[PDB]
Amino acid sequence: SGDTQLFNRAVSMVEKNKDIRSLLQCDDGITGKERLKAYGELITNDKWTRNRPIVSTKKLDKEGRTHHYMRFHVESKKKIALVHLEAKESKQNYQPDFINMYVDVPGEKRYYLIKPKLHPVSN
């Protein structure tokens, strides 16, 4: 359930974020909020596009600790966002720590839900 919980937790954060919903141009009104759709990373062979299963990939850092990277999409009737997540096992919590998380919507500035501790000097 590692990747499943990671994805459920992440997509839930994205969906509830007012700014992200605005970037996705959600049809949110007095009758209710648009029901967004989510799926794994979109891949193509240049013939047709499809979503890959939701999964994370692992990569070791300089301290010998494993980081998990996961990409998925959130789609509204008008836009598709690409969400990137980096997480790492927490030595204190059950759930892993979210290290970096951003959302890319075409034509919009990359939006960080979780800004890394290690940030550009021009923060």
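We number the residues from 1 along the sequence you see.
- Look at the mean CA B-factor for 114-122 and for 3-11 in the entry; the higher one is 114-122.
- For the two regions 13-21 and 96-104, the entry's Cα B-factors average higher over 13-21.
- Of the candidates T57, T31, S76, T44, the PDB record gives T31 the highest C-alpha temperature factor.
- When the C-alpha B factors of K62, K37, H84, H68 are read from the deposited coordinates, the top value falls at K62.
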